[PDB]
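Source file: run_28.txt. Holds: compact mmCIF, C-alpha atoms.
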```txt
# COMPACT_ATOMS: atom_id res chain seq x y z
CA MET A 1 183.90 66.91 68.19
CA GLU A 2 181.99 64.55 70.48
CA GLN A 3 178.64 65.76 69.15
CA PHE A 4 177.36 64.33 65.86
CA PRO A 5 177.13 66.83 62.94
CA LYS A 6 173.68 67.27 61.41
CA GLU A 7 173.35 66.49 57.71
CA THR A 8 171.54 69.11 55.64
CA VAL A 9 169.25 67.73 52.95
CA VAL A 10 169.31 69.55 49.61
CA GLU A 11 165.90 70.63 48.29
CA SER A 12 164.34 68.67 51.14
CA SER A 13 161.98 71.43 52.19
CA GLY A 14 161.04 71.94 48.55
CA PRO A 15 159.85 68.68 46.90
CA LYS A 16 159.27 69.10 43.17
CA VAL A 17 155.76 67.77 42.55
CA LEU A 18 155.05 66.65 38.98
CA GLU A 19 152.16 68.68 37.68
CA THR A 20 151.44 68.28 33.99
CA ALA A 21 149.58 70.77 31.80
CA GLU A 22 147.03 68.13 31.01
CA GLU A 23 147.24 66.74 34.53
CA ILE A 24 146.78 70.20 35.99
CA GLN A 25 144.34 71.16 33.25
CA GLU A 26 142.29 68.02 33.91
CA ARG A 27 142.28 68.87 37.59
CA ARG A 28 141.51 72.43 36.56
CA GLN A 29 138.29 71.36 34.84
CA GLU A 30 137.16 69.49 37.95
CA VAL A 31 137.75 72.54 40.11
CA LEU A 32 135.59 74.70 37.85
CA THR A 33 132.69 72.26 38.10
CA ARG A 34 133.22 71.94 41.83
CA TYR A 35 133.21 75.74 42.17
CA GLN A 36 129.72 75.92 40.69
CA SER A 37 128.51 73.46 43.33
CA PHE A 38 129.95 75.61 46.11
CA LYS A 39 128.11 78.54 44.64
CA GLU A 40 125.08 76.26 44.44
CA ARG A 41 125.40 75.63 48.17
CA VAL A 42 125.70 79.34 48.92
CA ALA A 43 122.38 80.06 47.22
CA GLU A 44 120.65 77.46 49.39
CA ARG A 45 122.07 79.06 52.53
CA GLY A 46 120.33 82.34 51.75
CA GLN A 47 117.48 82.15 54.26
CA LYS A 48 114.50 84.20 53.10
CA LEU A 49 112.57 85.97 55.86
CA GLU A 50 113.57 84.69 59.30
CA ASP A 51 115.83 86.39 61.89
CA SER A 52 115.69 90.16 61.52
CA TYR A 53 118.88 92.21 61.87
CA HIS A 54 117.10 94.16 64.62
CA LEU A 55 117.56 91.25 67.03
CA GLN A 56 121.25 91.43 66.27
CA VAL A 57 120.95 95.19 66.63
CA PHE A 58 119.45 94.62 70.02
CA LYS A 59 122.29 92.21 70.55
CA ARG A 60 124.69 94.98 69.54
CA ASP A 61 123.08 97.36 72.02
CA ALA A 62 123.61 94.85 74.82
CA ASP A 63 127.35 94.76 74.13
CA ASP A 64 127.36 98.50 73.71
CA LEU A 65 125.44 98.69 76.99
CA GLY A 66 128.24 96.97 78.79
CA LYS A 67 130.69 98.82 76.58
CA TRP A 68 129.37 102.24 77.60
CA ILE A 69 129.80 101.33 81.29
CA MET A 70 133.20 99.87 80.49
CA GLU A 71 134.34 103.21 79.08
CA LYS A 72 133.29 105.13 82.15
CA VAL A 73 134.62 102.42 84.43
CA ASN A 74 137.93 102.29 82.60
CA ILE A 75 138.23 106.06 82.73
CA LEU A 76 137.19 105.78 86.37
CA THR A 77 140.01 103.32 86.77
CA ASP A 78 142.16 105.64 84.71
CA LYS A 79 141.95 108.49 87.18
CA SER A 80 143.05 105.87 89.70
CA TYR A 81 146.44 105.59 88.01
CA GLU A 82 147.07 109.32 88.41
CA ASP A 83 145.27 112.44 89.61
CA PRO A 84 145.45 115.42 87.19
CA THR A 85 146.32 118.73 88.83
CA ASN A 86 143.85 120.71 86.73
CA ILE A 87 140.26 120.34 87.96
CA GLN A 88 138.68 121.51 84.68
CA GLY A 89 140.29 118.56 82.91
CA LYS A 90 138.45 115.95 84.96
CA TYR A 91 135.27 118.01 84.65
CA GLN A 92 135.60 118.04 80.87
CA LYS A 93 135.66 114.23 80.83
CA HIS A 94 132.39 114.30 82.78
CA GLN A 95 130.83 116.55 80.15
CA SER A 96 131.63 114.21 77.26
CA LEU A 97 130.15 111.37 79.17
CA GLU A 98 127.30 113.76 79.95
CA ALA A 99 126.20 113.56 76.36
CA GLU A 100 126.92 109.87 76.52
CA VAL A 101 124.57 109.46 79.50
CA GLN A 102 121.79 111.22 77.66
CA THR A 103 122.77 109.34 74.53
CA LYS A 104 122.75 105.98 76.26
CA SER A 105 119.31 106.67 77.67
CA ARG A 106 117.99 107.15 74.14
CA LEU A 107 119.42 103.78 73.30
CA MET A 108 117.28 102.73 76.21
CA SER A 109 114.44 104.35 74.31
CA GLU A 110 115.42 102.52 71.16
CA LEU A 111 115.91 99.39 73.26
CA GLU A 112 112.33 99.63 74.52
CA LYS A 113 111.14 100.14 70.98
CA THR A 114 113.39 97.24 70.06
CA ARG A 115 111.53 94.97 72.44
CA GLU A 116 108.37 95.91 70.60
CA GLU A 117 110.39 95.54 67.40
CA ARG A 118 110.84 91.85 68.26
CA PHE A 119 108.52 89.41 66.50
CA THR A 120 105.91 87.27 68.24
CA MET A 121 105.99 83.49 68.74
CA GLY A 122 108.79 84.11 71.22
CA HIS A 123 107.23 85.04 74.56
CA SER A 124 110.02 83.33 76.51
CA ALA A 125 112.61 85.39 74.68
CA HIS A 126 110.70 88.33 76.11
CA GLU A 127 111.55 87.31 79.65
CA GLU A 128 115.25 87.03 78.80
CA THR A 129 115.24 90.50 77.27
CA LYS A 130 113.45 92.04 80.25
CA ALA A 131 115.96 90.58 82.70
CA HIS A 132 118.97 91.58 80.61
CA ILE A 133 117.86 95.22 80.47
CA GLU A 134 116.91 95.31 84.16
CA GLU A 135 120.37 94.09 85.16
CA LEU A 136 122.03 96.65 82.91
CA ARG A 137 119.94 99.44 84.41
CA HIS A 138 121.11 98.58 87.93
CA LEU A 139 124.73 98.65 86.80
CA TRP A 140 124.08 101.77 84.75
CA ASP A 141 122.60 103.57 87.75
CA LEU A 142 125.75 102.97 89.79
CA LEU A 143 127.98 104.35 87.08
CA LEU A 144 125.65 107.33 86.66
CA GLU A 145 125.83 107.96 90.37
CA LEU A 146 129.56 107.36 90.05
CA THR A 147 129.79 109.93 87.28
CA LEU A 148 127.68 112.33 89.28
CA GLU A 149 129.82 111.45 92.27
CA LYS A 150 133.04 112.60 90.61
CA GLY A 151 131.35 115.71 89.24
CA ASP A 152 130.35 116.65 92.78
CA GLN A 153 134.00 116.87 93.71
CA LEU A 154 134.53 118.63 90.40
CA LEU A 155 131.98 121.24 91.43
CA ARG A 156 133.59 124.42 92.74
```
Let's see the structure in the file written out as structure tokens.
Amino acid sequence: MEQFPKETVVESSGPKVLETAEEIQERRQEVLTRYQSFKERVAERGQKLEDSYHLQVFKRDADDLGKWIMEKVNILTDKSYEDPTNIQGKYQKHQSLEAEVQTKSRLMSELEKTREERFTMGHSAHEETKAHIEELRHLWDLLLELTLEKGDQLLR
């Protein structure tokens, strides 16, 4: 036995900390008072009338915007992995996305409304929104064409 044997320490990983009823109870009282203060802080945080959830909604649409393309692109990538023998199957996928295309456009409708939904005093933010949507539309068009493109092969 050239190697040195390790010595295991008993109750080493579990140190018994002395916590008295009064000691704990005293600490307990402090915690209760402290808790009120935390609650006090929470009330202050509550900002009354400021950033509307719509902006976040718009923010959600932006992610969804990329998300919607991502679904079609992923599925587009998916067909890449393998090519189903049945033609109707691929066509069916197109149909679901067909509603999605129309659906997404409405979001575009809502998105336009959303721009109007945005509050004033933020003209610059307007420019950022306009560019973000314009970029999405270019990408969206490609996918649309891409979707249409697959359907063409799906036709007949």
message: So, with only C-alpha atoms as the atoms that count, which of A:84, A:151, A:66, A:89 lies closest to residue 133 (chain A)?
response: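 Between A:84, A:151, A:66, A:89, the residue approaching residue 133 (chain A) most closely is A:66.
Taking CA of residue 104 (chain A) as the reference point, CA of residue 141 (chain A) is found at 11.7 Å.
The closest residue to residue 110 (chain A), picked from A:136, A:148, A:57, A:73 and counting all atoms listed in the file, is A:57.
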A:28, A:132, A:34, A:72 ranked by distance to residue 95 (chain A), top pick (using all atoms listed in the file): A:72
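CA of residue 92 (chain A) lies 9.6 Å from CA of residue 154 (chain A).
Taking CA of residue 118 (chain A) and CA of residue 58 (chain A) as the two end points, the separation is 9.2 Å.
Once residue 116 (chain A) and its same-chain neighbours fewer than 6 positions away are set aside, residues 54, 55, 58, 109, 110, 122, 123, 126, 129 and 130 of chain A remain within 12 Å of it when counting only C-alpha atoms.
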Around all of region 21-30 of chain A's listed atoms, make the axis-aligned box with 6 Å on each side and tell me centre and edge lengths in Å to one decimal, as AutoDock Vina command-line options.
```
--center_x 143.4 --center_y 69.6 --center_z 34.5 --size_x 24.4 --size_y 17.7 --size_z 18.9
```
From A:31, A:52, A:19, A:6, residue lying nearest residue 117 (chain A) [all atoms listed in the file]: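 Going through A:31, A:52, A:19, A:6 one by one, the smallest distance to residue 117 (chain A) is for A:52.
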- request: For residue 153 (chain A), work out the shell of residues within 10 Å, counting all atoms listed in the file and skipping chain neighbours fewer than 5 positions away, then give it as a PyMOL selection string.
  value: chain A and resi 87+90-91+148
- request: Identify which of the residues A:32, A:150, A:143, A:113 lies closest to residue 94 (chain A), counting all atoms listed in the file when measuring atom-to-atom distances.
  value: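 Of the candidates, the smallest distance to residue 94 (chain A) is held by A:150.
Of the listed residues A:64, A:135, A:149, A:50, the one whose atoms come nearest to residue 76 (chain A) is A:149, with distances taken using only C-alpha atoms.
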Restore N, CA and C atoms in region 67-86 of chain A and list the result as a PDB file, in the coordinates of the input.
```pdb
ATOM      1  N   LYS A  67     129.584  98.028  77.109  1.00  0.00           N
ATOM      2  CA  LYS A  67     130.690  98.820  76.580  1.00  0.00           C
ATOM      3  C   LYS A  67     130.677 100.246  77.125  1.00  0.00           C
ATOM      4  N   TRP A  68     129.504 100.866  77.125  1.00  0.00           N
ATOM      5  CA  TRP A  68     129.370 102.240  77.600  1.00  0.00           C
ATOM      6  C   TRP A  68     129.801 102.339  79.070  1.00  0.00           C
ATOM      7  N   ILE A  69     129.410 101.356  79.884  1.00  0.00           N
ATOM      8  CA  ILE A  69     129.800 101.330  81.290  1.00  0.00           C
ATOM      9  C   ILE A  69     131.295 101.108  81.394  1.00  0.00           C
ATOM     10  N   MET A  70     131.786 100.234  80.525  1.00  0.00           N
ATOM     11  CA  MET A  70     133.200  99.870  80.490  1.00  0.00           C
ATOM     12  C   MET A  70     134.084 101.083  80.216  1.00  0.00           C
ATOM     13  N   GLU A  71     133.587 102.004  79.410  1.00  0.00           N
ATOM     14  CA  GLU A  71     134.340 103.210  79.080  1.00  0.00           C
ATOM     15  C   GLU A  71     134.458 104.092  80.301  1.00  0.00           C
ATOM     16  N   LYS A  72     133.323 104.327  80.945  1.00  0.00           N
ATOM     17  CA  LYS A  72     133.290 105.130  82.150  1.00  0.00           C
ATOM     18  C   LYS A  72     134.060 104.456  83.265  1.00  0.00           C
ATOM     19  N   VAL A  73     133.925 103.141  83.363  1.00  0.00           N
ATOM     20  CA  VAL A  73     134.620 102.420  84.430  1.00  0.00           C
ATOM     21  C   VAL A  73     136.126 102.437  84.208  1.00  0.00           C
ATOM     22  N   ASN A  74     136.528 102.281  82.957  1.00  0.00           N
ATOM     23  CA  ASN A  74     137.930 102.290  82.600  1.00  0.00           C
ATOM     24  C   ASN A  74     138.526 103.657  82.872  1.00  0.00           C
ATOM     25  N   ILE A  75     137.801 104.700  82.469  1.00  0.00           N
ATOM     26  CA  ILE A  75     138.230 106.060  82.730  1.00  0.00           C
ATOM     27  C   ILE A  75     138.247 106.279  84.232  1.00  0.00           C
ATOM     28  N   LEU A  76     137.264 105.682  84.913  1.00  0.00           N
ATOM     29  CA  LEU A  76     137.190 105.780  86.370  1.00  0.00           C
ATOM     30  C   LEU A  76     138.432 105.144  86.961  1.00  0.00           C
ATOM     31  N   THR A  77     138.810 104.021  86.373  1.00  0.00           N
ATOM     32  CA  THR A  77     140.010 103.320  86.770  1.00  0.00           C
ATOM     33  C   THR A  77     141.212 104.152  86.376  1.00  0.00           C
ATOM     34  N   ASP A  78     141.079 104.834  85.239  1.00  0.00           N
ATOM     35  CA  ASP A  78     142.160 105.640  84.710  1.00  0.00           C
ATOM     36  C   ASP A  78     142.586 106.740  85.665  1.00  0.00           C
ATOM     37  N   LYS A  79     141.626 107.445  86.231  1.00  0.00           N
ATOM     38  CA  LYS A  79     141.950 108.490  87.180  1.00  0.00           C
ATOM     39  C   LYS A  79     142.675 107.875  88.371  1.00  0.00           C
ATOM     40  N   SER A  80     142.418 106.587  88.596  1.00  0.00           N
ATOM     41  CA  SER A  80     143.050 105.870  89.700  1.00  0.00           C
ATOM     42  C   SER A  80     144.564 105.841  89.537  1.00  0.00           C
ATOM     43  N   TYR A  81     145.010 105.648  88.300  1.00  0.00           N
ATOM     44  CA  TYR A  81     146.440 105.590  88.010  1.00  0.00           C
ATOM     45  C   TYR A  81     147.135 106.883  88.402  1.00  0.00           C
ATOM     46  N   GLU A  82     146.510 108.009  88.078  1.00  0.00           N
ATOM     47  CA  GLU A  82     147.070 109.320  88.410  1.00  0.00           C
ATOM     48  C   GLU A  82     145.968 110.351  88.585  1.00  0.00           C
ATOM     49  N   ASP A  83     146.253 111.386  89.369  1.00  0.00           N
ATOM     50  CA  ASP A  83     145.270 112.440  89.610  1.00  0.00           C
ATOM     51  C   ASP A  83     145.719 113.770  89.002  1.00  0.00           C
ATOM     52  N   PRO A  84     145.126 114.156  87.860  1.00  0.00           N
ATOM     53  CA  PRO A  84     145.450 115.420  87.190  1.00  0.00           C
ATOM     54  C   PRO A  84     145.368 116.601  88.146  1.00  0.00           C
ATOM     55  N   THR A  85     146.285 117.542  87.987  1.00  0.00           N
ATOM     56  CA  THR A  85     146.320 118.730  88.830  1.00  0.00           C
ATOM     57  C   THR A  85     145.182 119.678  88.485  1.00  0.00           C
ATOM     58  N   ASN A  86     144.907 119.817  87.194  1.00  0.00           N
ATOM     59  CA  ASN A  86     143.850 120.710  86.730  1.00  0.00           C
ATOM     60  C   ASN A  86     142.469 120.084  86.939  1.00  0.00           C
TER      61      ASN A  86
END
```
